[PDB]
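Engineer: Before we start, here is the structure in question, set down as structure tokens.
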Amino acid sequence: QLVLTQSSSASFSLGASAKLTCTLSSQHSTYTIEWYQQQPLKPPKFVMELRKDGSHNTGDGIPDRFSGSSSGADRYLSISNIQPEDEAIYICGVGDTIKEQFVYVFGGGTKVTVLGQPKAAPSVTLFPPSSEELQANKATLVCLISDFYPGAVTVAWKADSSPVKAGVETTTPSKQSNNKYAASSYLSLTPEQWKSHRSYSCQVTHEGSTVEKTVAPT
Amino acid sequence: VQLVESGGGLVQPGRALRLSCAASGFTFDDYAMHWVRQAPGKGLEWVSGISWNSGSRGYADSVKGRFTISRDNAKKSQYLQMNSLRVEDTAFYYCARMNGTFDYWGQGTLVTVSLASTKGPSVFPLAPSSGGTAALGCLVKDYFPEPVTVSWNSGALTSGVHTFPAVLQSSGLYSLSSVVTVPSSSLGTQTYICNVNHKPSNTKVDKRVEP
């Protein structure tokens, strides 16, 4: 019956004020909640504890830009002058006591997007299949893409200037710890295909601009 | 001032698994220790908790009876005994301390409950191609399940290291790459070794990367 409901996503412009909402039940309008921040490759961090009376004690290592407010059944997480490194999943939590039994409900989490960051074209590294892999009758090309923003790229593979889609696996762009994005693409080949051509290419398209690396058998 | 978990891994449905959590940077009986998990696709869920003196113990109704929590004060370690494991227990399990709020969390450890067979990765060096800066790496191919750990030179190298998120291929197997970006002149003075560890398949490999 104890329910924490929050929105799934929210976008804000760079340097603007941001407000995240967490709504408790009507039978639980009195309760104190906590805010947690979930960043990739990291332990969820304690942001602040927010009581109904409006009092709030921030967590160790939390900027002055973070605020909290109580209104009726709503609990707010305010961020003034929102910075790129505030891109995370913000999760609200609430505690209670029924019987001796302990109860703790987490909200669904809100994914906050910070827009208006400077554009950055991707860096591209392309690796040929290794000699040991070719021995094992396998061949994979590795295209590594990094340091781009926004986090949307298109990868196209070519064999001697002619497109390949047959054995391509590409990741979703993911946030680096420098607030830019990374991604990788693998083209699988037989040793025969790899040898029968003069070169292979990985072409990365990002916001209308293109970066291409080429690799060749030796 | 950090927390560190262990014991995670892949187990078949119905079997057992023990998780541990070592504490450091603060005293022992000052906080209650809790376990919080996050299953794929779902939000955070409180699992179990034990008081500062092991007086009170809590269990989610989802893990009622099947789970057993206990505390140690000597090595400052808490434990979670997981019996009668089901597929639904598949999650990242975090340990966290609490005096009212979960103010500090551990890195988390992955527990997979599945009928799927473990598979160890093949590890291939990605050699520097023939200035100023050079990229080299290790391809870690076709493994299951997550995670694998990659380091360089037994942890002595972290500068310029970028380990990429895994791709999950249509085959159901994972594959990732780790690359270091180094000055070209270091290629002749520095030995570069990738340390790959895939615990579930007992696969621990140190591969030399050379031009």
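Bear in mind these aren't lab numbers, they're just calculated from the coordinates by the rules spelled out. Ideal geometry is used to build each Cβ from the backbone, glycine not excepted, and the neighbour counts take in all protein chains shown.
Engineer: For q values of 0.08, 0.13, 0.14, 0.18 Å⁻¹, compute log₁₀ I(q)/I(0) with the Debye formula on a Cα-only model of chain B, without solvent.
Structural biologist: -0.37, -0.83, -0.91, -1.18
Engineer: Also, I was wondering about something else. Using modelled amide H (1.01 Å from N, peptide plane; none on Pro or chain starts), what sits under 5 Å from the amide H of B:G9, excluding residues fewer than 5 places away?
Structural biologist: It is B:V111, B:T112, by chain and number.
Engineer: Based on Cα coordinates alone, diagonalise the gyration tensor for the range A:117-218, multiply each eigenvalue by 5, take square roots, and list the semi-axes in whole Å, largest first.
Structural biologist: After scaling each eigenvalue by five and taking roots: 27, 14, 10 Å.
Engineer: Here's another thing I want to ask about it. How shielded is A:178-189 by partner chains, expressed as the average number of their Cβ atoms within 10 Å of its Cβ atoms?
Structural biologist: Per residue, the average neighbour count from other chains is 2.
Engineer: Here is a follow-up. Given R₀ = 51 Å, FRET efficiency for A:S123-B:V87 by Cβ-Cβ distance, to 0.05?
Structural biologist: Result of the calculation: an efficiency of 0.80.
Engineer: Would you mind calculating the gained length between A:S131 and A:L2 on full extension (0.36 nm times residue separation, minus the Cα-Cα distance), in nm to one decimal?
Structural biologist: Result: 40.5 nm gained on full extension.
Engineer: On to the next question. What is the ratio of the Cα radius of gyration of the range A:1-116 to 2.2 N^0.38 Å, where N is its residue count, to two decimals?
Structural biologist: 1.04
Engineer: For chain A, what is the calculated [θ] at 222 nm in deg cm²/dmol (nearest 500), taking -39500 (n - 2.57) for each run of four or more DSSP H residues and dividing by its residue count?
Structural biologist: About -1000 deg cm²/dmol.
Engineer: For peptide A:54-66, compute the average count of partner chain beta-carbon atoms within 10 Å of each residue's beta-carbon.
Structural biologist: Mean partner-chain Cβ count within 10 Å for A:54-66: 1.
Engineer: Can you list the equivalent-ellipsoid semi-axes of the range B:18-119, largest first and in whole Å, using the square root of 5 times each Cα gyration tensor eigenvalue?
Structural biologist: Result for the range B:18-119: semi-axes of 24, 14, 13 Å.
Engineer: For the range A:126-158, list residues with backbone N below 18 Å from a point placed 7 Å from the Cα of A:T190 toward its Cβ?
Structural biologist: So the set is A:129, A:133-141.
Engineer: Pull up the cross-link candidates among the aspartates and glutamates for B:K204, meaning alpha carbon to alpha carbon under 16 Å and not fewer than 8 places away within one chain.
Structural biologist: B:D142, B:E146
Engineer: Give the whole-number value, in cubic angstrom per residue, of the convex hull volume spanned by the C-alpha atoms of the protein assembly as shown.
Structural biologist: 165
Engineer: B:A39 versus A:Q101, label points 7 Å from Cα toward the beta carbon: distance in nm?
Structural biologist: Output for this residue pair reads 1.8 nm.
Engineer: Taking a cut-off of 19 Å between Cα atoms, list the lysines near A:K138, but don't count ones fewer than 8 places away on the same chain.
Structural biologist: Partners found: A:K158, A:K165, A:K195, B:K119, B:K141, B:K207.
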